[PDB]
Amino acid sequence: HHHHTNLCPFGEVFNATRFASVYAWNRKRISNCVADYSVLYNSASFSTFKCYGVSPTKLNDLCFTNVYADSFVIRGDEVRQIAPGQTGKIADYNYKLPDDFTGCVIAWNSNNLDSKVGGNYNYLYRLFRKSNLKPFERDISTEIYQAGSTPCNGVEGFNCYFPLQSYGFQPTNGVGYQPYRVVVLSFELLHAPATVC
Amino acid sequence: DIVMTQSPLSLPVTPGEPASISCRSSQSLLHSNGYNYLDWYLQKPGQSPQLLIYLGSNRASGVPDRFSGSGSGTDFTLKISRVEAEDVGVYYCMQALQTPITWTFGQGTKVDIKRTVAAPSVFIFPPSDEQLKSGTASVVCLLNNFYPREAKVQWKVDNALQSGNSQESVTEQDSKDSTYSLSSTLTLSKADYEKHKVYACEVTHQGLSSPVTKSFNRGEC
Amino acid sequence: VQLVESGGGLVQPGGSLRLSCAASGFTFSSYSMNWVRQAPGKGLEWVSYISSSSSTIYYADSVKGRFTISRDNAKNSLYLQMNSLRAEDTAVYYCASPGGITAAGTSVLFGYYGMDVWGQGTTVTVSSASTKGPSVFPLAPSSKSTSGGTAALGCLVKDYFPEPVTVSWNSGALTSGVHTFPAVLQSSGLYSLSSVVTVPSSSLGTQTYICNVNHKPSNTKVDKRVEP
Ligand SMILES: *[C@@H]1O[C@H](CO)[C@@H](O)[C@H](O)[C@H]1NC(C)=O
Ligand SMILES: [Cl-]
Ligand SMILES: [Cl-]
């Protein structure tokens with residue numbers, strides 16, 4: 001039982017036990033399935049559902065050559081950085097959206113899924129980088145970051161920090177320090193006359 | 001080097017009523033930070049193990065309200081407030097104090113659907129003469145649609161108790177009547193089969209007020 | 001499912017094979033990994049542990065000097081090299097990921113929260129036995145093989161390797177009241193199961209009963225009549 005008319009299982013994949021750290025954000029190609037974006041948009045499940053370059057009311061009657069689903073986990077404070085032309089630690093060193101971004105940003109609180117009473121220190125974020133990330137770039141290197149003045153010689157220590165730090169996701173956190181799951185849809189439209197699409 | 005002791009081995013449960021499993025450790029599992037390094041896992045039939053409780057008493061993701069862990073130091077317990085059909089499986093506890101050097105599990109606790117007692121219908125099958133020509137002879141005894149699973153079959157050949165020459169295997173609980181069925185296969189060389197006359201299958205089961213004996217003679221109908 | 005084991009199969013004692021566990025959907029490099037096996041019938045047994053940075057490795061006493069665990073974070077995969085295999089290594093091998101991270105040089109999981117992600121498992125059977133088709137014999141019904149209005153009968157699927165076999169009755173027309181039993185590993189190293197079914201005792205002559213036995217590993221399909 002499998003057909004290209006099967007609806008894309010967004011419900012199942014979104015509900016996964018674990019997501020990727022924002023610094024190594026995971027990217028899927030939605031292919032050979034029917035994506036009904038009204039089922040997401042009209043499910044009151046998601047806190048953030050903001051689209052850019054496209055009206056979300058008319059996602060279902062558009063033609064897409066290529067659809068990308070970028071997924072990761074950040075804190076609720078940082079969800080406002082998942083937008084074009086934003087600044088901060090995430091947008092600059094983890095996940096940058098371009099100014100001409102044509103897609104949708106979907107986010108929802110995942111406290112019950114990603115927070116652990118022991119403390120969940122496995123979701124990471126990048127804290128230092130020589131330059132800001134170009135849009136849709138992904139940096140997973142672990143080179144020892146040089147503060148600015150004195151050399152590091154590839155060894156950690158004073159003014160020489162490991163570029164990745166762990167989030168501290170416990171369920172007693174404030175809403176702003178609680179983990180939020182983010183899914184970012186990237187659209188490629190079909191060059192075609194109005195008469196067809 | 002910490003020994004886990006689960007109790008009971010089997011535990012029938014009524015859907016809609018509570019249930020409790022116990023896990024005892026040979027040494028305290030309470031760490032100096034105030035956490036009890038003991039996890040609970042569930043292995044639904046024909047499925048991977050599933051995490052239920054972590055750090056002694058905290059539910060993993062997605063686990064319904066019904067489940068709850070408790071206990072400290074050396075004696076811990078699971079508690080399902082309302083058992084429901086899908087909870088059937090094997091529940092293992094695991095100490096995590098000595099991670100990542102040793103990861104010690106318990107024996108597990110098989111969970112049945114509780115139902116009224118059911119005496120097994122016993123049927124015996126002589127070795128077919130088609131098989132008889134191979135060289136071996138398999139006598140088969142069938143306990144059919146019974147509960148609970150605890151059942152003892154004994155093979156007597158001319159009233160002599162046979163041991164270490166037969167194997168048995170039981171079906172998993174049926175989803176409509178919650179019963180088991182058990183086949184015992186007495187295997188003997190054709191020579192040994194012919195030299196004895198009365199082959200009997202002796203069944204002891206809780207549902208039977210008295211042990212049932214099914215027997216036959218080599219030549220009958 | 002976010003972890004997927006592969007490579008398991010049939011192997012002769014003293015031989016070797018390698019298992020592979022492929023992560024997808026999360027950052028494999030951020031978690032530590034475990035191999036956990038379950039022998040047929042028996043319970044869960046931990047095998048080995050590898051840290052996130054692949055820097056702290058522990059095996060169990062039973063597999064030391066024989067199994068070696070390794071990981072390749074660039075390929076989001078976990079490896080287990082199983083050398084000098086014994087028959088008792090037959091088991092379903094799971095890969096699972098405990099939560100937490102290692103600090104400094106001392107291996108200890110901080111903020112532990114259990115093995116929240118388990119694979120689907122891959123099956124490894126260690127046996128020198130040779131592939132063989134089954135010998136199907138009938139368990140014919142009698143009159144002292146009838147209880148109180150119904151009658152039992154069945155097929156004995158004996159001596160075959162490896163698992164599994166499929167058994168239907170009347171090519172699937174007979175389903176109610178069937179009981180195909182779990183196979184048993186005989187002393188010889190061959191498998192043997194039985195399939196039985198309770199039919200009405202008033203239809204032994206008017207109804208044909210034929211079990212259909214299929215053993216794909218030997219291409220052997222056998223249909224047997226069960227007559228009084
Ligand atoms: C995740 O699954 C639960 C039940 O399994 C469901 O209630 C929920 O709506 C799902 N999440 C989404 C985003 O649909
Ligand atoms: Cl605790
Ligand atoms: Cl902790």
# chains A, B, ... in the order shown; residues from 1 in each chain; ligands from 1
$ residues_around --residues "residue B:48" --least-positions-apart "4" --cutoff "8 Å" --atoms "only C-alpha atoms" --output "list in words"
residues 43 and 44 of chain B; 118, 119, 120 and 121 of chain C
$ residues_around --residues "residue A:59" --least-positions-apart "3" --cutoff "9 Å" --atoms "only C-alpha atoms" --output "CSV table (one decimal) with N, CA, C and O atoms, in the first residue's frame"
chain,number,residue,atom,x,y,z
A,36,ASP,N,-1.5,18.6,1.5
A,36,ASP,CA,-2.7,19.5,1.7
A,36,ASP,C,-2.3,20.5,2.8
A,36,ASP,O,-2.5,20.2,4.0
A,37,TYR,N,-1.9,21.7,2.4
A,37,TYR,CA,-1.5,22.6,3.4
A,37,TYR,C,-2.6,23.2,4.2
A,37,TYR,O,-2.3,23.8,5.3
A,38,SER,N,-3.8,23.1,3.8
A,38,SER,CA,-4.9,23.5,4.6
A,38,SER,C,-5.1,22.7,5.9
A,38,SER,O,-5.6,23.2,6.9
A,54,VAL,N,4.1,34.1,-0.6
A,54,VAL,CA,3.0,33.3,-1.0
A,54,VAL,C,1.8,33.6,0.0
A,54,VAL,O,2.1,33.8,1.2
A,55,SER,N,0.6,33.6,-0.5
A,55,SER,CA,-0.5,33.7,0.5
A,55,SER,C,-0.8,32.3,1.0
A,55,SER,O,-1.1,31.4,0.2
A,56,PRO,N,-0.9,32.1,2.3
A,56,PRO,CA,-1.2,30.8,2.8
A,56,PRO,C,-2.6,30.3,2.5
A,56,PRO,O,-2.8,29.0,2.6
A,62,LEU,N,-1.5,25.9,-5.9
A,62,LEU,CA,-0.3,26.4,-6.5
A,62,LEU,C,0.4,25.1,-7.1
A,62,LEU,O,0.2,24.0,-6.6
A,63,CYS,N,1.3,25.4,-8.0
A,63,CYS,CA,2.2,24.3,-8.6
A,63,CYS,C,3.6,24.5,-8.2
A,63,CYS,O,4.2,25.6,-8.4
$ select_by_dssp --residues "stretch 18-117 of chain A" --states "alpha helix (DSSP H)" --output "MDAnalysis selection string"
chainID A and resid 37:41 89:93 111:114
$ closest_atom_pairs --of "chain B" --to "ligand 2" --cutoff "8 Å" --atoms "only C-alpha atoms and all ligand atoms" --output "Markdown table"
| residue | atom | partner | partner_atom_place_in_ligand_line | distance |
| --- | --- | --- | --- | --- |
| B:30 | CA | ligand 2 | 1 (Cl) | 7.5 |
| B:34 | CA | ligand 2 | 1 (Cl) | 6.3 |
| B:35 | CA | ligand 2 | 1 (Cl) | 3.8 |
| B:36 | CA | ligand 2 | 1 (Cl) | 4.3 |
| B:37 | CA | ligand 2 | 1 (Cl) | 7.2 |
| B:55 | CA | ligand 2 | 1 (Cl) | 5.2 |
| B:56 | CA | ligand 2 | 1 (Cl) | 4.9 |
| B:57 | CA | ligand 2 | 1 (Cl) | 5.9 |
| B:58 | CA | ligand 2 | 1 (Cl) | 7.6 |
| B:72 | CA | ligand 2 | 1 (Cl) | 7.1 |
$ residues_around --residues "residue A:47" --least-positions-apart "6" --cutoff "9 Å" --atoms "only C-alpha atoms" --output "PyMOL selection string"
chain A and resi 106-109
$ decode --residues "stretch 22-136 of chain B" --atoms "C-alpha atoms" --output "short mmCIF file (atom, residue, chain, number, x, y, z; two decimals), in the first residue's frame"
data_model
loop_
_atom_site.label_atom_id
_atom_site.label_comp_id
_atom_site.auth_asym_id
_atom_site.auth_seq_id
_atom_site.Cartn_x
_atom_site.Cartn_y
_atom_site.Cartn_z
CA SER B 22 7.71 -4.52 41.05
CA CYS B 23 11.45 -4.20 40.40
CA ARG B 24 13.94 -4.80 43.23
CA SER B 25 17.66 -4.03 43.01
CA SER B 26 20.57 -5.70 44.78
CA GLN B 27 22.04 -2.26 45.56
CA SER B 28 20.56 1.21 45.97
CA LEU B 29 19.94 3.07 42.71
CA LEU B 30 19.63 6.53 44.33
CA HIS B 31 22.51 8.72 43.12
CA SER B 32 24.05 11.56 45.15
CA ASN B 33 22.20 14.14 42.99
CA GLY B 34 18.79 12.86 44.10
CA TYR B 35 17.76 10.85 41.02
CA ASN B 36 16.94 7.14 40.91
CA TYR B 37 18.73 5.69 37.86
CA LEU B 38 16.13 3.11 36.87
CA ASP B 39 14.16 2.93 33.61
CA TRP B 40 11.10 0.98 32.55
CA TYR B 41 10.62 -0.42 29.05
CA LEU B 42 7.68 -2.14 27.35
CA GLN B 43 7.98 -4.63 24.48
CA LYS B 44 4.57 -4.99 22.84
CA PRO B 45 4.21 -8.29 20.93
CA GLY B 46 6.34 -8.42 17.78
CA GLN B 47 7.53 -4.87 18.40
CA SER B 48 10.65 -3.05 19.51
CA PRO B 49 11.23 -2.11 23.15
CA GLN B 50 9.54 1.14 24.16
CA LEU B 51 10.66 3.57 26.87
CA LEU B 52 8.02 4.11 29.56
CA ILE B 53 9.72 5.59 32.65
CA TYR B 54 13.10 7.32 32.99
CA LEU B 55 14.91 8.43 36.14
CA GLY B 56 12.73 6.29 38.39
CA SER B 57 9.36 8.02 38.22
CA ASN B 58 9.18 10.32 35.14
CA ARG B 59 7.13 9.42 32.07
CA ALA B 60 8.78 9.39 28.66
CA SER B 61 7.31 11.33 25.76
CA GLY B 62 3.85 10.31 24.57
CA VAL B 63 3.20 7.88 27.46
CA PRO B 64 -0.42 8.31 28.64
CA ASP B 65 -1.49 9.42 32.11
CA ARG B 66 -2.40 5.81 32.98
CA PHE B 67 1.28 4.95 33.52
CA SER B 68 3.26 6.11 36.55
CA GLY B 69 6.51 5.01 38.19
CA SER B 70 7.37 5.25 41.87
CA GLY B 71 9.79 3.95 44.49
CA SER B 72 13.20 5.01 45.73
CA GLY B 73 16.56 3.53 46.58
CA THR B 74 16.00 -0.20 46.11
CA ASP B 75 12.26 -1.00 45.67
CA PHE B 76 10.44 0.52 42.67
CA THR B 77 7.00 -0.12 41.17
CA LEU B 78 5.04 0.61 37.99
CA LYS B 79 1.35 1.45 38.18
CA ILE B 80 -1.28 1.52 35.43
CA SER B 81 -4.41 3.19 36.76
CA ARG B 82 -6.64 1.93 33.91
CA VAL B 83 -5.16 -1.02 32.03
CA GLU B 84 -6.31 -1.10 28.41
CA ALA B 85 -6.13 -3.81 25.76
CA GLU B 86 -3.04 -2.43 23.99
CA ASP B 87 -0.89 -2.63 27.18
CA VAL B 88 -0.31 -6.37 26.63
CA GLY B 89 3.39 -7.14 26.34
CA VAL B 90 6.57 -7.69 28.34
CA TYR B 91 7.72 -5.02 30.81
CA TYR B 92 11.42 -4.79 31.67
CA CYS B 93 13.07 -2.60 34.28
CA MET B 94 16.66 -1.44 33.84
CA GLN B 95 19.09 0.02 36.34
CA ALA B 96 21.07 2.93 34.89
CA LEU B 97 23.28 3.73 37.89
CA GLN B 98 26.35 2.06 36.36
CA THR B 99 25.96 3.47 32.84
CA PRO B 100 27.76 3.34 30.52
CA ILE B 101 29.79 0.41 31.85
CA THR B 102 26.91 -1.97 32.58
CA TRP B 103 23.23 -1.82 31.63
CA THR B 104 21.35 -4.44 33.64
CA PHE B 105 17.76 -5.44 32.89
CA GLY B 106 15.17 -7.43 34.79
CA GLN B 107 13.64 -10.77 33.84
CA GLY B 108 10.58 -9.05 32.40
CA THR B 109 6.89 -9.44 33.24
CA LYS B 110 4.58 -11.01 30.67
CA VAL B 111 1.11 -9.45 30.65
CA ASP B 112 -2.01 -11.43 29.69
CA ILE B 113 -5.62 -10.45 29.25
CA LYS B 114 -7.40 -11.87 32.30
CA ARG B 115 -10.27 -14.19 31.44
CA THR B 116 -12.22 -16.99 33.10
CA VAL B 117 -10.54 -20.38 33.46
CA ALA B 118 -10.80 -22.69 30.46
CA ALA B 119 -10.03 -26.39 30.54
CA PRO B 120 -7.94 -27.51 27.55
CA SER B 121 -9.58 -29.93 25.14
CA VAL B 122 -6.99 -32.68 24.72
CA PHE B 123 -6.48 -34.58 21.46
CA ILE B 124 -3.75 -37.16 20.76
CA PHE B 125 -2.42 -38.06 17.30
CA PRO B 126 -0.46 -41.29 16.68
CA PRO B 127 2.47 -41.13 14.24
CA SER B 128 1.17 -41.54 10.71
CA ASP B 129 2.46 -44.65 8.97
CA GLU B 130 3.70 -42.36 6.19
CA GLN B 131 6.10 -40.80 8.71
CA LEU B 132 6.70 -44.23 10.26
CA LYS B 133 8.67 -45.24 7.16
CA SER B 134 11.13 -42.33 7.51
CA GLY B 135 12.73 -43.92 10.57
CA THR B 136 11.33 -41.69 13.31
#
